[PDB]
Amino acid sequence: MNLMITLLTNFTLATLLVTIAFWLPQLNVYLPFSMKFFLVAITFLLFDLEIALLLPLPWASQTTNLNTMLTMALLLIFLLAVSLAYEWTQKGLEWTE
Amino acid sequence: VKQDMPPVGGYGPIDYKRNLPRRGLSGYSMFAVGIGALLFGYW
Amino acid sequence: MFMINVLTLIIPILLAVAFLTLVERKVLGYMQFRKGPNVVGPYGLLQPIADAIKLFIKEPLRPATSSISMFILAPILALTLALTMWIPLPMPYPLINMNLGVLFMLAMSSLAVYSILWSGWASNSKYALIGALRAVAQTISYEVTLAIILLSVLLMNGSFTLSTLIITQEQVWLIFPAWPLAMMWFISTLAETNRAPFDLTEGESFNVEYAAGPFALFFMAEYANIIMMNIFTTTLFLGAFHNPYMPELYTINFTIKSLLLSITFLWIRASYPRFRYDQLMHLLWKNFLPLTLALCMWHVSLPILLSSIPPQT
Ligand SMILES: CCCCCCCCCCCCCCCCCC(=O)OC[C@H](COP(=O)([O-])OCC[N+](C)(C)C)OC(=O)CCCCCCCCCCCCCCCCC
Ligand SMILES: CCCCCCCCCCCCCCCCCC(=O)OC[C@H](COP(=O)(O)OCCN)OC(=O)CCCCCCCCCCCCCCCCC
Ligand SMILES: CCCCCCCCCCC1=C(C)C(=O)C(OC)=C(OC)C1=O
């Protein structure tokens, strides 16, 4: 509730400052497609999904199945690294390396 | 006469070569300090 | 009474952003063997006020924009997200004490690329859109190491709670067990805010169609982001002493550390040339990301092998 008030206050202040900046000086009279950018955006998306898999780790370390948890955590970070290594060696990270 | 001239003994030696003083620790010392900071933090 | 607390957060944000411009011009003056602004105010203190009054009455640039709606929404979104990044910050107490404040900040900072994307598309210039796409690709690249470094650090915290991160650093700064994460974090926050040596929006090798007013709004959102990421880096790695009966000790201490870290941003822009675009892509994808994955494995496995798993609550 306090958060909704704070978001509404920040949005209201930002909209008020933008409305000032677009209407205070009104008082005075006075591309070809690049495959490389798409590939870096998709590589971001895929690694961002891998990060979404990695995000419950500070809670996952609290388990009583720690051998399994440590195995799966290292396996997810390893598969993120194998994704990066495949992206590296097949020239996917080139001219924007 | 009134002529701009260098002095009798001449001017001093002007330094012109590159002087990079080579400061800092060794590579092994910097990795030892960094790993020691890691071990202190871990302990 | 809560609205007073919201205003005493967000209006001093705007004042500190206003005087960060003075601090930047003075520090970049005295590091370049000259003086900064010292003519307008006493010790130059009225230069941001005069510059704000100059920008508010400057002529509108009058763009024939592709969309009026996203042209308005990009400064609104940039300023709103710049102000909402401050509300979970524990200094020592946050405005909004939320359990997942770290993840909240990561999500609200991931949303800030839409201001770049919408301002680049809302401009007619194809080259403004090309620069916007380069800036978005840079920002989403360094968000990856932001997320993974922050996850690796919070493996020592126990939770996503920003206020717990003060408890985590009562015996030692967290820069001592995590200085490689700290330095890749600091360079990644430097590349997040489009800040030198990562400012390719100022190099000749996206918001040029805005008037002086909305350019000032994007600029003050950017400096709010700079001060905020330095405060968040301070809370994250250089956590101060907190006495619960004297909270101002924590506030003075984190404020001094955050000011020194913002001045370190100013030192860095006055010391190095820019990266070429492929070079900072190389810096992310081929240097910071392999080390960040290796250190994420190490900071998963290290609390288990040392029996130093932090508490959940
Ligand atoms: C948070 C508080 C502040 C933190 C510190 C920040 C302050 C200092 C800032 C200095 C100015 C920086 C301005 C921007 C600079 C950007 C460029 C840059 O830094 O590039 C990074 C450079 C990039 O390299 P490069 O591009 O310069 O070099 C060439 C690279 N190749 C070969 C690929 C062409 O280095 C890194 O990426 C390193 C990151 C940190 C690594 C930390 C390693 C810790 C030790 C691990 C163990 C080592 C021992 C061996 C194993 C032992 C096992 C027990
Ligand atoms: C183009 C459109 C306009 C664009 C500019 C303006 C919008 C962008 C900037 C604002 C973004 C709004 C984000 C709102 C949700 C943020 C997530 C969130 O609420 O996290 C905080 C917290 C979670 O922490 P926790 O401690 O677990 O919760 C309390 C439990 N003890 O959770 C809580 O504290 C929960 C509190 C109650 C629920 C709050 C719900 C807020 C309203 C819904 C979202 C409104 C905005 C929707 C559109 C945004 C743009 C996509
Ligand atoms: C009403 C509250 C303040 C609104 C924002 C205006 C003042 C802050 C930005 C102005 C500014 C300053 C001082 C400034 O120094 C500067 O040069 C580096 C700018 O241009 C890039 C600026 O836009």
# chains A, B, ... in the order shown; residues from 1 in each chain; ligands from 1
$ interface_residues --of "chain C" --to "chain B" --cutoff "7 Å" --atoms "only C-alpha atoms" --output "list in words"
residues 172, 176, 177 and 178 of chain C
$ residues_near_ligand --ligand "ligand 2" --cutoff "8 Å" --atoms "only C-alpha atoms and all ligand atoms" --output "MDAnalysis selection string"
(chainID A and resid 1:4 7 11) or (chainID C and resid 73 76:78 80:81 84 96:101 104 108 111)
$ write_last_selection --atoms "N, CA and C atoms" --output "mmCIF file, in the first residue's frame"
data_model
loop_
_atom_site.group_PDB
_atom_site.id
_atom_site.type_symbol
_atom_site.label_atom_id
_atom_site.label_comp_id
_atom_site.auth_asym_id
_atom_site.auth_seq_id
_atom_site.Cartn_x
_atom_site.Cartn_y
_atom_site.Cartn_z
ATOM 1 N N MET A 1 0.824 -1.201 0.000
ATOM 2 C CA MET A 1 0.000 0.000 0.000
ATOM 3 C C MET A 1 0.858 1.250 0.000
ATOM 4 N N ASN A 2 1.837 1.289 0.908
ATOM 5 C CA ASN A 2 2.849 2.338 0.878
ATOM 6 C C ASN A 2 3.664 2.285 -0.403
ATOM 7 N N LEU A 3 3.869 1.084 -0.940
ATOM 8 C CA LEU A 3 4.578 0.931 -2.201
ATOM 9 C C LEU A 3 3.772 1.477 -3.371
ATOM 10 N N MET A 4 2.457 1.248 -3.381
ATOM 11 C CA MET A 4 1.620 1.789 -4.449
ATOM 12 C C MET A 4 1.564 3.309 -4.389
ATOM 13 N N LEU A 7 5.026 4.476 -5.774
ATOM 14 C CA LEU A 7 5.061 4.369 -7.229
ATOM 15 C C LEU A 7 4.196 5.435 -7.882
ATOM 16 N N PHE A 11 5.670 8.363 -10.280
ATOM 17 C CA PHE A 11 5.078 8.526 -11.602
ATOM 18 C C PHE A 11 4.443 9.902 -11.768
ATOM 19 N N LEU C 73 6.647 9.069 -23.244
ATOM 20 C CA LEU C 73 6.781 8.023 -22.233
ATOM 21 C C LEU C 73 8.227 7.698 -21.895
ATOM 22 N N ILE C 76 9.333 9.932 -18.984
ATOM 23 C CA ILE C 76 8.504 9.579 -17.831
ATOM 24 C C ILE C 76 8.961 8.256 -17.236
ATOM 25 N N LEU C 77 9.181 7.256 -18.093
ATOM 26 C CA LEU C 77 9.661 5.960 -17.633
ATOM 27 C C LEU C 77 11.061 6.058 -17.049
ATOM 28 N N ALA C 78 11.944 6.835 -17.692
ATOM 29 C CA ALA C 78 13.310 6.982 -17.194
ATOM 30 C C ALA C 78 13.343 7.635 -15.817
ATOM 31 N N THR C 80 10.745 7.853 -13.628
ATOM 32 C CA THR C 80 10.017 7.034 -12.667
ATOM 33 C C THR C 80 10.873 5.875 -12.185
ATOM 34 N N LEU C 81 11.521 5.169 -13.113
ATOM 35 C CA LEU C 81 12.413 4.087 -12.727
ATOM 36 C C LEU C 81 13.649 4.590 -12.006
ATOM 37 N N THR C 84 12.350 5.091 -8.439
ATOM 38 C CA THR C 84 11.952 3.888 -7.714
ATOM 39 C C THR C 84 13.115 2.967 -7.374
ATOM 40 N N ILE C 96 10.878 1.679 1.724
ATOM 41 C CA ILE C 96 10.071 0.479 1.579
ATOM 42 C C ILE C 96 10.968 -0.694 1.940
ATOM 43 N N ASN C 97 10.728 -1.287 3.101
ATOM 44 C CA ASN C 97 11.455 -2.469 3.547
ATOM 45 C C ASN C 97 10.785 -3.686 2.942
ATOM 46 N N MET C 98 11.325 -4.152 1.833
ATOM 47 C CA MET C 98 10.803 -5.313 1.146
ATOM 48 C C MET C 98 11.787 -6.468 1.245
ATOM 49 N N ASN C 99 11.244 -7.683 1.210
ATOM 50 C CA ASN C 99 12.049 -8.876 1.430
ATOM 51 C C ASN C 99 12.919 -9.187 0.221
ATOM 52 N N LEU C 100 12.507 -8.750 -0.962
ATOM 53 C CA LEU C 100 13.241 -9.048 -2.182
ATOM 54 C C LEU C 100 13.736 -7.770 -2.836
ATOM 55 N N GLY C 101 14.331 -6.876 -2.045
ATOM 56 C CA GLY C 101 14.707 -5.568 -2.551
ATOM 57 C C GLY C 101 15.813 -5.598 -3.579
ATOM 58 N N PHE C 104 14.142 -6.669 -6.714
ATOM 59 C CA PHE C 104 13.372 -5.507 -7.144
ATOM 60 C C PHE C 104 14.246 -4.500 -7.877
ATOM 61 N N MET C 108 13.819 -3.478 -11.792
ATOM 62 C CA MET C 108 13.549 -2.100 -12.184
ATOM 63 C C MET C 108 14.707 -1.482 -12.955
ATOM 64 N N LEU C 111 14.280 -2.781 -16.543
ATOM 65 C CA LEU C 111 13.244 -2.072 -17.283
ATOM 66 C C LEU C 111 13.710 -0.759 -17.898
#
$ residues_near_ligand --ligand "ligand 1" --cutoff "8 Å" --atoms "only C-alpha atoms and all ligand atoms" --output "count of residues only"
29
$ select_by_dssp --residues "chain B" --states "helix (DSSP H, G or I)" --output "list in words"
residues 27, 28, 29, 30, 31, 32, 33, 34, 35, 36, 37, 38, 39, 40, 41 and 42 of chain B
$ residues_around --residues "residue 56 in chain A" --least-positions-apart "4" --cutoff "10 Å" --atoms "only C-alpha atoms" --output "compact mmCIF listing (two decimals) with N, CA, C and O atoms, in the first residue's frame"
# COMPACT_ATOMS: atom_id res chain seq x y z
N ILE A 51 19.93 -17.36 -16.17
CA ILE A 51 20.01 -16.62 -14.92
C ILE A 51 18.75 -16.81 -14.09
O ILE A 51 18.82 -16.99 -12.87
N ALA A 52 17.57 -16.79 -14.74
CA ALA A 52 16.31 -17.06 -14.05
C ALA A 52 16.29 -18.44 -13.41
O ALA A 52 15.69 -18.62 -12.34
N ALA A 60 18.25 -21.99 -2.08
CA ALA A 60 18.52 -23.40 -2.33
C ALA A 60 19.67 -23.92 -1.50
O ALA A 60 19.75 -25.12 -1.26
N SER A 61 20.57 -23.04 -1.05
CA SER A 61 21.66 -23.48 -0.18
C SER A 61 21.20 -23.88 1.22
O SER A 61 21.99 -24.45 1.97
N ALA A 73 23.41 -26.97 -9.00
CA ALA A 73 23.85 -25.59 -9.13
C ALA A 73 25.09 -25.48 -10.00
O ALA A 73 25.15 -24.65 -10.92
N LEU C 151 24.03 -12.24 -7.57
CA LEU C 151 23.64 -13.55 -7.05
C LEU C 151 24.78 -14.20 -6.27
O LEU C 151 24.55 -14.76 -5.18
N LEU C 155 24.82 -15.04 -2.17
CA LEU C 155 25.10 -16.33 -1.55
C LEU C 155 25.80 -16.21 -0.20
O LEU C 155 25.77 -17.16 0.59
N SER C 159 19.73 -14.02 1.60
CA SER C 159 18.41 -13.58 1.16
C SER C 159 18.61 -12.48 0.13
O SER C 159 19.73 -12.05 -0.14
N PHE C 160 17.50 -12.01 -0.42
CA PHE C 160 17.48 -10.85 -1.30
C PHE C 160 17.19 -9.57 -0.54
O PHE C 160 16.91 -8.55 -1.17
$ residues_near_ligand --ligand "ligand 3" --cutoff "10 Å" --atoms "only C-alpha atoms and all ligand atoms" --output "ChimeraX atom specification"
/A:17,20-21 /C:11,13-25,37,46-56,212-223
$ residues_around --residues "residue 71 in chain A" --least-positions-apart "5" --cutoff "12 Å" --atoms "only C-alpha atoms" --output "mmCIF file with N, CA and C atoms, in the first residue's frame"
data_model
loop_
_atom_site.group_PDB
_atom_site.id
_atom_site.type_symbol
_atom_site.label_atom_id
_atom_site.label_comp_id
_atom_site.auth_asym_id
_atom_site.auth_seq_id
_atom_site.Cartn_x
_atom_site.Cartn_y
_atom_site.Cartn_z
ATOM 1 N N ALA A 60 18.246 -21.993 -2.084
ATOM 2 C CA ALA A 60 18.515 -23.401 -2.331
ATOM 3 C C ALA A 60 19.674 -23.919 -1.503
ATOM 4 N N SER A 61 20.569 -23.041 -1.046
ATOM 5 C CA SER A 61 21.659 -23.484 -0.182
ATOM 6 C C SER A 61 21.197 -23.878 1.216
ATOM 7 N N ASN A 65 19.322 -31.441 1.265
ATOM 8 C CA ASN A 65 19.864 -32.244 0.173
ATOM 9 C C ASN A 65 21.006 -31.497 -0.519
ATOM 10 N N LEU A 66 22.095 -31.266 0.222
ATOM 11 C CA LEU A 66 23.147 -30.371 -0.259
ATOM 12 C C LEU A 66 24.027 -30.970 -1.342
ATOM 13 N N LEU A 76 24.072 -26.163 -13.625
ATOM 14 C CA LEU A 76 23.453 -25.042 -14.332
ATOM 15 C C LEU A 76 24.463 -23.972 -14.709
ATOM 16 N N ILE A 77 25.394 -23.655 -13.805
ATOM 17 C CA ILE A 77 26.407 -22.668 -14.165
ATOM 18 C C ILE A 77 27.340 -23.237 -15.230
ATOM 19 N N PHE A 78 27.571 -24.551 -15.202
ATOM 20 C CA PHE A 78 28.361 -25.205 -16.232
ATOM 21 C C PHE A 78 27.665 -25.185 -17.584
ATOM 22 N N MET C 297 30.255 -20.247 -9.598
ATOM 23 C CA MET C 297 30.490 -21.614 -9.132
ATOM 24 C C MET C 297 31.254 -21.641 -7.815
ATOM 25 N N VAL C 300 28.975 -20.490 -5.015
ATOM 26 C CA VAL C 300 28.038 -21.539 -4.630
ATOM 27 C C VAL C 300 28.741 -22.558 -3.745
ATOM 28 N N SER C 301 29.893 -23.054 -4.192
ATOM 29 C CA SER C 301 30.513 -24.186 -3.521
ATOM 30 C C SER C 301 31.225 -23.811 -2.229
ATOM 31 N N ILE C 304 29.391 -24.066 1.256
ATOM 32 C CA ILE C 304 29.165 -25.465 1.575
ATOM 33 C C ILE C 304 30.454 -26.124 2.050
#
$ interface_residues --of "chain A" --to "chain C" --cutoff "6 Å" --atoms "only C-alpha atoms" --output "list in words"
residues 10, 11, 14, 15, 21, 25, 31, 58, 74, 95, 96 and 97 of chain A
$ atom_distance --atom1 "CA of residue 118 in chain C" --atom2 "CA of residue 18 in chain A"
15.3 Å
$ residues_around --residues "residue 68 in chain C" --least-positions-apart "2" --cutoff "12 Å" --atoms "only C-alpha atoms" --output "number ranges by chain"
A: 22; C: 62-66, 70-74, 118-119, 121-124, 210
$ write_last_selection --atoms "N, CA and C atoms" --output "mmCIF file, in the first residue's frame"
data_model
loop_
_atom_site.group_PDB
_atom_site.id
_atom_site.type_symbol
_atom_site.label_atom_id
_atom_site.label_comp_id
_atom_site.auth_asym_id
_atom_site.auth_seq_id
_atom_site.Cartn_x
_atom_site.Cartn_y
_atom_site.Cartn_z
ATOM 1 N N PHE A 22 7.682 20.070 -21.500
ATOM 2 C CA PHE A 22 7.090 20.191 -22.826
ATOM 3 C C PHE A 22 6.164 21.388 -22.981
ATOM 4 N N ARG C 62 11.272 21.011 -31.614
ATOM 5 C CA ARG C 62 10.145 20.706 -32.499
ATOM 6 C C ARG C 62 10.447 19.504 -33.398
ATOM 7 N N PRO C 63 10.389 18.280 -32.875
ATOM 8 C CA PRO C 63 10.583 17.112 -33.734
ATOM 9 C C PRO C 63 9.293 16.686 -34.414
ATOM 10 N N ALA C 64 9.447 16.142 -35.615
ATOM 11 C CA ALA C 64 8.328 15.518 -36.317
ATOM 12 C C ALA C 64 8.307 14.023 -36.008
ATOM 13 N N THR C 65 8.078 13.725 -34.729
ATOM 14 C CA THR C 65 8.356 12.415 -34.155
ATOM 15 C C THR C 65 7.465 11.323 -34.742
ATOM 16 N N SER C 66 7.998 10.097 -34.749
ATOM 17 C CA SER C 66 7.260 8.963 -35.294
ATOM 18 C C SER C 66 6.075 8.607 -34.411
ATOM 19 N N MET C 70 5.293 7.509 -27.270
ATOM 20 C CA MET C 70 6.535 6.978 -26.718
ATOM 21 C C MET C 70 7.584 8.063 -26.542
ATOM 22 N N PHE C 71 7.484 9.142 -27.320
ATOM 23 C CA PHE C 71 8.340 10.305 -27.125
ATOM 24 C C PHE C 71 8.072 10.964 -25.781
ATOM 25 N N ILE C 72 6.823 10.930 -25.316
ATOM 26 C CA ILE C 72 6.517 11.409 -23.972
ATOM 27 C C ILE C 72 6.862 10.349 -22.926
ATOM 28 N N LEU C 73 6.647 9.069 -23.244
ATOM 29 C CA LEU C 73 6.781 8.023 -22.233
ATOM 30 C C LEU C 73 8.227 7.698 -21.895
ATOM 31 N N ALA C 74 9.168 7.921 -22.810
ATOM 32 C CA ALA C 74 10.558 7.595 -22.496
ATOM 33 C C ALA C 74 11.170 8.452 -21.374
ATOM 34 N N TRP C 118 12.571 3.371 -26.731
ATOM 35 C CA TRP C 118 11.449 4.198 -27.144
ATOM 36 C C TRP C 118 11.901 5.576 -27.586
ATOM 37 N N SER C 119 12.958 6.121 -26.979
ATOM 38 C CA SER C 119 13.470 7.398 -27.444
ATOM 39 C C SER C 119 14.184 7.251 -28.776
ATOM 40 N N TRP C 121 13.373 4.904 -31.117
ATOM 41 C CA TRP C 121 12.392 4.697 -32.171
ATOM 42 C C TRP C 121 11.529 5.938 -32.388
ATOM 43 N N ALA C 122 11.219 6.677 -31.321
ATOM 44 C CA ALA C 122 10.367 7.855 -31.437
ATOM 45 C C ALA C 122 11.040 8.996 -32.186
ATOM 46 N N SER C 123 12.361 8.983 -32.293
ATOM 47 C CA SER C 123 13.062 9.914 -33.154
ATOM 48 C C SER C 123 12.934 9.480 -34.609
ATOM 49 N N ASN C 124 12.947 10.457 -35.515
ATOM 50 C CA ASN C 124 12.902 10.124 -36.933
ATOM 51 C C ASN C 124 14.225 9.599 -37.455
ATOM 52 N N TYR C 210 15.215 15.317 -28.571
ATOM 53 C CA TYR C 210 14.494 15.939 -27.477
ATOM 54 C C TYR C 210 14.916 17.395 -27.322
#
